[PDB]
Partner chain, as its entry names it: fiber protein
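Just the one chain here, the form solved without the partner chain, laid out as structure tokens.
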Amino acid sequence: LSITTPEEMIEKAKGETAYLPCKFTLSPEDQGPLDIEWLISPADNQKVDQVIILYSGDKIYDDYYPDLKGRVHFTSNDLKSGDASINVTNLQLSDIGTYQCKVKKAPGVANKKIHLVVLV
């Protein structure tokens, strides 16, 4: 299982929307249920690997997770097509940090990091 988006740094201004890409391709043995998660490790605290969004069992859980609640959502209307990307709206300085996309389609697994910086 591969995430074809490279690790990169996204820099946007406060108040704008950040698109954090995560596109993936599957290998032949990846026959299990698709599961996608993003995690944040914020620059403003010592917390790491906090879940911000999850697709599992063909359902999306977004605002359920408190970090970035109301502001992080999947961008695609068809995640199964290979697009696990997210948008973070109304960017705040507290959103700065490392975001990790995790894609699983059993037994395959892949992960990729995107760095986000927000400018005043």
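The term rigid core refers to the most C-alpha atoms you can superpose between the two forms while keeping them within 1.5 Å. Positions refer to the first chain, counted from 1.
**Q** So 62 to 70 or 46 to 54, which one's hotter by mean CA B-factor in the entry?
**A** The entry gives the higher C-alpha B-factor average to 46 to 54.
**Q** Among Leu91, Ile36, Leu26, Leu39, where is the Cα B factor highest in this entry?
**A** Highest CA B-factor of the listed options: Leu26.
**Q** Going by the entry, which third of its chain does the Cα temperature factor of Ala13 land in?
**A** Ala13: CA B-factor falls in the highest third of its chain.
Just so you know, the form solved in complex with the partner chain exists too; it's not on screen, but the next bit is about it.
**Q** Just to confirm, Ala110 within 4.5 Å of the partner chain in the deposited bound form by heavy atoms?
**A** Yes, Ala110 sits close enough to the partner chain in the deposited bound form that at least one of its heavy atoms falls within 4.5 Å.
**Q** Using a 4.5 angstroms cut-off on non-hydrogen atoms, would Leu116 count as touching the partner chain in the deposited bound form?
**A** Outside the cut-off, so no.
**Q** Taking only heavy atoms into account, state which residues of 2 to 27 are within 4.5 Å of the partner chain in the deposited bound form, ordered by sequence.
**A** In sequence order, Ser2, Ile3, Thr4, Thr5, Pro6, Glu7, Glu8, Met9, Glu11, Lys12, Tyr19, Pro21 come within 4.5 Å of the partner.
**Q** Which of the listed residues (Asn45, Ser81, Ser27, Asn90) moves its Cα by 2 Å or more between the shown form and the other one when the core is kept in place?
**A** Single hit from the list, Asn45.
**Q** Rigid core fitted, is the C-alpha displacement of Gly70 between the shown form and the other one 2 Å or more?
**A** Shift at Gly70: below 2 Å after core fit.
**Q** Since the CA distance of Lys113 and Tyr64 differs by 3 Å or more in the deposited bound form, is it closer or farther than in the form displayed?
**A** Compared with the form shown here, the C-alpha atoms of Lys113 and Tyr64 sit closer together in the deposited bound form, by 3 Å or more.
**Q** Do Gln46 and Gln92 move together or apart in the deposited bound form, judged by C-alpha distance changing 3 Å or more?
**A** Compared with this form, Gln46 and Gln92 lie farther apart in the deposited bound form.
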